[PDB]
Amino acid sequence: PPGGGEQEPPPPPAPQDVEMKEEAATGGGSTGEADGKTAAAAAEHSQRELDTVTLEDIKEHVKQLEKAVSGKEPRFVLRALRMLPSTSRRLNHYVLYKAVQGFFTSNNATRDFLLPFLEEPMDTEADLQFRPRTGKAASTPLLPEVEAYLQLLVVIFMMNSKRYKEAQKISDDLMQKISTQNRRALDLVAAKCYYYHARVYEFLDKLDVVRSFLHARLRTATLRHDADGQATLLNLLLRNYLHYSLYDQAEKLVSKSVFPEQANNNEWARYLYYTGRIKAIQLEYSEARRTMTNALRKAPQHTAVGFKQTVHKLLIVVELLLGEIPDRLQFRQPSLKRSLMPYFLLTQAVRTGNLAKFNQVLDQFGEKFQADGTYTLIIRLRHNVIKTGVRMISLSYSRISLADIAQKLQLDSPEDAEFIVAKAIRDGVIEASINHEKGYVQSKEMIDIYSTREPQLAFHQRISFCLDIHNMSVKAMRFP
Amino acid sequence: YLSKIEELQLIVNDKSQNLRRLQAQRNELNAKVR
Amino acid sequence: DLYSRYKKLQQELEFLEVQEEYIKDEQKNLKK
Amino acid sequence: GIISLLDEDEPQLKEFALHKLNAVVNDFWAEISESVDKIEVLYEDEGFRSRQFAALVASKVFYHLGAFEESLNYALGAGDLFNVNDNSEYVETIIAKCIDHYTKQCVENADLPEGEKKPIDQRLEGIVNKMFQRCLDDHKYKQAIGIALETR
Amino acid sequence: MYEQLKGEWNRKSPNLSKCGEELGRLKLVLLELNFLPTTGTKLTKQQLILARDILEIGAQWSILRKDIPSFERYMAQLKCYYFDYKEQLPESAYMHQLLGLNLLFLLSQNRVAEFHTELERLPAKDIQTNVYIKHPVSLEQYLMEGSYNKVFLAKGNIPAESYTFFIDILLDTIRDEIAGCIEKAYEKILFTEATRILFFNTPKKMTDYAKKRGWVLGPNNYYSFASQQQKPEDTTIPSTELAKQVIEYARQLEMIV
Amino acid sequence: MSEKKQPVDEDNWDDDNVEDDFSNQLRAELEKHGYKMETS
């Protein structure tokens, strides 16, 4: 208890130093230098603000008890800041409130004064002019109240903080958006707050009212302004219209907004992944597998970060549904074996010709399937399994009996071995001829229409890709 | 509104200015080497 | 001022058209 | 999923159909791409009563597509229900379409209106001077003289 | 309230002026409330629940009378009803097999992308249970590769309602399935096994197949003709597609601006 | 930087392809030889 008594003073001030000065220097740079900067859809301090959001995604989440950021909220909201000579005493107050926090203890006003923690941008006829100031100072207070993760009586005050953020949308969509791109600064801030907005709606019911609001929030791009908000809002529209089954996907097809042309390599890569899953659910594989592979290799920048292993999981679903299949644990991680091994046992079952190994795994891990939302593999993957088996055995045996391969592949009857191999011919897998008097399936071999046609088509792809490497290499080299 | 958004989506087109920056440094390269 | 501030930008659009056409022929000429 | 309801012969399913089109359009925005001709039948027929509001919902949905020429034809053909609605931010889009087409039309008619004129719809030139009434009565004359020079 | 809403409900209705009164009654329902959620007063959907019941019996009378665009009209209505935006969802009479009807005919349209995006809104209902969903998709599980008469055993046992107006379309889409896969390495087949698989012992459908198709009706045998490709001339479409491709290689290596 | 948004969560490999051939059948295949030398 005296040891804890001296474990009380050192935890506030160093967060009260760096957590102070991050938005002090960064937000000062952002809000002031957003006046100029001919490309200020996000200033360099706005990417620095992204970086500080990455910092307090792991540094501090809650409204900070032990009286550390608990005074930073009534400090940083109580800002009239009408003009720069009326801000100098506030620049002194940025240290004077620290003197108040050091002389006495702070006053943590949780869940009562949070709504009059929203009336300080009205202090003595205050400003609506610097909306990235008030937008960033409506995100960085009010979103850590959601990172408190309370879900008790203040989710309505979370929502009313987001109603004052709808008033920030009002000031976003009315207040003088000519060439300042306060709107597009608020489009990146809108991306952030719509993710946490979205997490609030994850802890509650479906937001179909706010889905119509989100429709309007998407459509208000491309005509008023058009930069990166359409990207972020496109994935934020996709997030549950994937999760809900109906129409939405023909809308993704007829969506003439696939192309927001840059998304800081994060949103664009995961957009590739989301539309890859979308194309994968309608059985189209080769069109989907390339963007699955590109989305896996496009945003890899951790070691076992989670949804990287969700894309690395789903990527070989369609290739279990192709017939060609890679070994998946080529990117196995020590934080991954749990979430790879039943799925790896599934592809282990598929990489042989057996089906009795395959049929057990559905009843085995159908609850895992209920978790993963991938029931569509089991209705149609038996087709690919038996095509792989008949391909393997047809490459094995030059002249096979149907009444042997059928019972070797548990078909239980010889007469539909005719059917399965007849569509191994009709579907174009095998060329092998049959006498349907004796029941023998002879297979022959050839080359050289291979070598006249097959490799050059692949070489065309190889060199188209490498010349695209050359094109992008030069046209990104030439900035100096 | 008519005389408002047209200037904004005109100033959107300023990536051609950065292309001119690229080509101006390229012309600098070739002219100085010559 | 918006009549002026909108009409004067057409000049700069025409200028960027001109120089984007121009540096291509300059680049082709300088190798010769 | 109300497309099959647009087949019944009586109007008293069609008025309810449009009455719920403009209701759940906010979810089914990109739906009428597969109902273009079923709007065209409900518009183009001279025996149908509420034909203009088919062009109103068609204006809305081809705005959602971005078919500003199709929505330009609908900015014409939607009628008096079109012109009565101007307190919105779809009104900047309708003046975008029509006034841009109109000023390039006035460049066309700055070449030869002395013979072979294009016959101009009274809504095409109607919203020109009727939206210009806002500059006539709303205290502003620089915007007025800007449009008066743009109309050539 | 709601005058004679289930009048000829139990017996039958062989007439269509009665069904005209039925459709006019549905018109009266549409003038009365809605088919959209009408958020205040959820419980006033007595006419809507009984309306779903009379739309189900209208779908039964519509599969009886075979009015298939109107069948999918009533199907789209009731399918959007079981996908209601208001999440209350009380159970009904033909819910577990109305989706089976739609599954059946949307399989008989070869709407396989629709067939596998329709299976999503009921995750475990279509998988763990509901044999008039699970047995149509086990039927399709047999239609996956090539099995013919096992599909007809599954067709020879459905103790549910009719399904006949669409499984006869499934009969025909298997008829041309054998009439498609005949042309493969059935180099000779004796006639009565084709009688077993195709259908119809000594029909004029054997004249239909042996004449509309090839498979010359000789002695007890459909005979297989031969056809070739030789790859002779091409040699040139290789040469001109390589002209295209290497003009492309040289074109991209060519660039300079 | 690169916080990777979270709502969601040779020596080894060529012979793992070959081991997928070896996995379900005949893991320690040395005795089945001596098991079947006397069967037939």
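Residues numbered from 1 in each chain as written, not as in the entry; some residues may be left out. Chains lettered and ligands numbered in written order. Part of a larger assembly, values for the part shown. Heavy atoms only, no water.

Method of determination, as given in the entry header: cryo-EM; reported resolution: 3.6 Å.

A. Up close: helix 15 (residues 307-314) of chain A. Residue and element names in this part refer to chain A. The buried fraction of helix 15 is high, at seven of eight residues. Within helix 15, the full set of buried residues consists of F307, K308, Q309, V311, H312, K313 and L314. As for helix 15, its buried residues are in contact with helix 13 (267-281), helix 14 (286-296), helix 16 (317-320), helix 17 (337-350) and helix 18 (356-372). (Buried < 20%, exposed > 50% of the residue type's maximum accessible area, 1.4 Å probe, protein only. Helix = DSSP H or I, 4+ residues; strand = E, 2+ residues; numbered from the N terminus. Contact = heavy atoms within 4.5 Å.)

B. Structural detail: the state of the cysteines. Residue and element names in this part refer to chain D. By the definition in use, this model includes zero disulfides over all chains. We note that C98 lacks a disulfide partner, and the nearest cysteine sulfur, in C106, lies 10 Å from it. Classification of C98 as buried rests on a relative accessible area of 3%. (Disulfide = S-S within 2.5 Å.)

C. Structural view of helix 6 (residues 91-108) of chain D. For helix 6 of chain D, spanning 18 residues, the distance from its first C-alpha to its last is 25 Å, which sits close to the expected 26 Å at 1.5 Å a residue. Buried within helix 6 of chain D we find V91(D), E92(D), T93(D), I94(D), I95(D), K97(D), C98(D), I99(D), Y102(D), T103(D), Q105(D) and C106(D). Buried-residue contacts for helix 6 of chain D involve helix 1 (2-11) of chain B together with helix 3 (51-65), helix 4 (70-77), helix 5 (80-83), helix 7 (126-137) and helix 8 (142-150) of chain D. (Expected span 1.5 Å × (residues − 1).)

D. Up close: the pattern of salt bridges. Counted according to the given criterion, the structure contains 29 salt bridges over all chains. A salt bridge links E87(E) to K206(A); its shortest N-O distance comes to 3.7 Å. With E87(E) in the loop between helix 3 (68-81) and helix 4 (95-107) and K206(A) in the loop between helix 9 (182-202) and helix 10 (208-219), the pair connects residues from two separate chains. What makes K206(A) partly exposed here is its relative accessible area of 32%. (Salt bridge = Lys/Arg side-chain N within 4 Å of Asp/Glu carboxyl O.)

E. Region of the structure containing the UniProt feature "domain: PCI" in chain A. Within this numbering scheme, the UniProt entry marks residues 269-448 of chain A as carrying the feature "domain: PCI". Here residues 269-448 of chain A runs as 58% helix and 5% strand, with 41 Å between its end C-alpha atoms. (UniProt positions renumbered as here; feature names shortened; annotations may be inferred.)

F. Representation of the sheet that holds strand 2 (residues 433-435) of chain A. All names here are of chain A. Reading across the sheet, the three strands line up as 1-3-2 and stay open at both edges, with antiparallel pairing between neighbours. Strands at the two margins of the open sheet, each flanked by one partner only, are strand 1 (399-401) and strand 2. Across the sheet, the mean angle from the axis of one strand to that of its neighbour is 25°, orientation sign disregarded. Pairing of strand 2 with strand 3 (residues 440-442) involves three bridges; the strand directions are antiparallel. Looking across to strand 3, one finds that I434 is bridged to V441. (Pairing = 2+ DSSP bridges. Axes fitted to C-alpha atoms, helices over the stretch in contact; angles between N-to-C directions.)

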